[PDB]
Every structure is written in structure tokens, then in C-alpha cells.
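Student: What follows is a single structure, and I will ask about it in a moment.
For neighbour counting, all protein chains shown are included, and Cβ atoms are generated from backbone atoms with ideal geometry for every residue, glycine included. Derivation of every value follows stated rules applied to the coordinates shown; laboratory data play no part.
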Amino acid sequence: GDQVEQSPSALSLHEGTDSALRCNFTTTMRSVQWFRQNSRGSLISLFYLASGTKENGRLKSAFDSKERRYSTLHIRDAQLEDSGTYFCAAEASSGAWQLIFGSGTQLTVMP
Amino acid sequence: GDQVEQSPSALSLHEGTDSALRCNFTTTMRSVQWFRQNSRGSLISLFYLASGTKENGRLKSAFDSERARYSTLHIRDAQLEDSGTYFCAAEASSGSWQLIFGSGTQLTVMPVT
Ligand SMILES: [Cl-]
Ligand SMILES: [Cl-]
């Protein structure tokens, strides 16, 4: 019973390559949030988008779909230290504190 | 009723009082993690529990129970700084990666006097 489907579940990239993670929603969502788990297990927010696109460093996220049925997180020039677990979460309401999470993506970057 | 449901959805309590949050699983879980979301939106880990209990300051988490049916996060002597959205996540499937999250509990601590 997924309302938020994340893909891929796992992926291996060679250092320097670009790839994208996707967050699919069974219904239009108000906003999406992308996180990277740190060493302690905390989910550190990378982006929060209600629409449009955002960028920071080698990362870029988009939620510019008309229906907004999905969102993408693009990782460019992948580095060994980018390896880790990534999560996306969606907010149904325009100001709700409740989030619906994806199952996570294991990224492995190889030398 | 998915696999992980938190209760209550929200609560307000007076500074200095105690209360508890619950993370209910529709099945046995290997471990549980509790988080408090910061102002940026990040879910900051408070406890990681595979079993037993853990205490850190005014916070105390317990996974001891019906053999992994639910976990609790107890907040004693609540302080205004405790206000925020709390989340719990459990591992049932694979290892570490791939967690199942609760929907979140909004805690509001009110000043006394
Ligand atoms: Cl942290
Ligand atoms: Cl942060």
C-alpha cells in the first residue's frame, strides 16, 4: 500500500557520473522533501519544494510537474562520499506537520 | 492501518508535566528509532532501539514490550524547547536502509505561571 513510491531502491554509480532518484505519488501532493541520512541516522533535509526546482552544489531537485505526481533528485558528478541512504517524503496539505515517507534509496558510488 | 502508526497525532501539555508518545506496529519489528524534526525540517535522531530501554536527559524510550509490538517515548518535566514534531520509524524488512515511518506527532509545550 504505497502512496509514495521511491525509485530506484538501490543503485550503484561510478564516481563522476550523474543519476536521478524519483519519488512517485499516487495523488497530487502539496510539497516534497528530500533527505540524506547522516552517520548518526538523522534524516538531514536536502530540499523542500512546493513546486519548481531547486539546486545546491552538485544536487538538484524538481517538482515542476503539472499534476505533481512525482519529484526527482538529481546527483551530478557523484562522489564516494555521496554513498548512503536517501529518502523523500510528501506533504498532502499546504501546512500539515504530517509527512508520508518513501521507502528509501541505497546509493553506492564506486571509485 | 499501515505498518506503523503514531499516537497521539498532536498534544499540548504544560511545562513541567510528563507525557508519552506511542509507535504502534501491525507486526514485530527488529528496531525502532525516534526523531524530533528541527526548524529546517530535518528528522534528528533521538534514540535507536533494538530492545530494552534508553534514557538521555528528560527523554526515555522503551522497546521492551510484547516482543516488538510497540515503542514509547516518554518526555518528563517538559520544557518549552521540547515543542516540535516527533517521528518514529521501524525496521522490519532488510537491514538499516528502508525504514517505515509514523505520520508524526505535533507536541506543544505551554508556559505556566
Ligand atoms: Cl544529527
Ligand atoms: Cl539540519
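Student: Based on this model, can you work out whether residue B:77 counts as more than 16 Å from ligand 2 (Cβ to nearest atom), part of a loop (DSSP other than H, G, I, E, B) and without any contact (Cβ under 8 Å) to a residue 24 or more places away in the chain?
Tutor: no
Student: Given B:49, B:11, which one is more than 16 Å from ligand 1 (Cβ to nearest atom), in contact with a strand residue (DSSP E or B) (Cβ under 7 Å, 6 or more places away or on another chain) and in contact (Cβ under 8 Å) with a residue 60 or more places away in the chain?
Tutor: None of the others qualify; the one that does is B:11.
Student: Something else about it: For the range A:1-59, what are the residues that are within 17 Å of residue A:87 (Cβ to Cβ) and of a type in the set (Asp, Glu)?
Tutor: A:2, A:5 - these are the residues of the range A:1-59 that are within 17 Å of residue A:87 (Cβ to Cβ) and of a type in the set (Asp, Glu).
Student: Filtering the range A:80-95 down to residues that are without any contact (Cβ under 8 Å) to a residue 60 or more places away in the chain and part of a loop (DSSP other than H, G, I, E, B), which residue is farthest from residue B:86 (Cα to Cα)?
Tutor: Result: A:83.
Student: Something else now. Consider the range B:79-99. How many of its residues are surrounded by fewer than 20 Cβ atoms within 10 Å (Cβ to Cβ) and more than 8 Å from chain A (Cβ to nearest Cβ)?
Tutor: 11
Student: When you scan the range B:54-70, do you find a residue that is in a strand (DSSP E or B) and touching a residue at least 40 places away in the same chain (Cβ under 8 Å), even just one?
Tutor: Taking every residue of the range B:54-70 in turn, at least one turns out to be in a strand (DSSP E or B) and touching a residue at least 40 places away in the same chain (Cβ under 8 Å).
Student: Just to be sure, is residue B:38 within 16 Å of ligand 1 (Cβ to nearest atom), of a type outside the set (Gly, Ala, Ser) and more than 10 Å from chain A (Cβ to nearest Cβ)?
Tutor: no
Student: Are any residues in the range B:36-53 crowded, with 16+ Cβ neighbours inside 10 Å and either in a loop (DSSP other than H, G, I, E, B) or β-branched (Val, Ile, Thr) (or both), and if so, which ones?
Tutor: Residues satisfying the conditions are B:41, B:42, B:44.
Student: Any residue in the range B:16-28 that's of a type in the set (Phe, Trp, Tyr): show its pairings with residues that are not in a loop (DSSP other than H, G, I, E, B) at Cβ separation under 7 Å, as long as the two are six or more apart or on different chains.
Tutor: B:25/B:4; B:25/B:70; B:25/B:90
Student: Another question about this same structure. Given A:72, A:105, which one is among the β-branched types (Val, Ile, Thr), under 10 Å from the mean Cα position of the chain (by Cα) and more than 9 Å from chain B (Cβ to nearest Cβ)?
Tutor: A:72
Student: Filter the range A:24-59 down to residues that are of a type in the set (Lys, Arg) and over 21 Å from residue A:5 (Cβ atoms), then give me how many there are.
Tutor: 3
Student: Still on this structure: Name the single residue that is farthest from the other protein chains (Cβ to nearest Cβ) among those in the range B:8-35 being assigned to a loop (DSSP other than H, G, I, E, B) and farther than 26 Å from residue B:113 by Cβ.
Tutor: Going through the qualifying residues, I end up with B:28.
Student: Taking the condition within 14 Å of chain B (Cβ to nearest Cβ), away from ligand 1 (no atom under 16 Å from the Cβ) and aromatic (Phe, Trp, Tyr), does residue A:63 pass?
Tutor: Taking the combined requirement at face value, the residue does not satisfy it.
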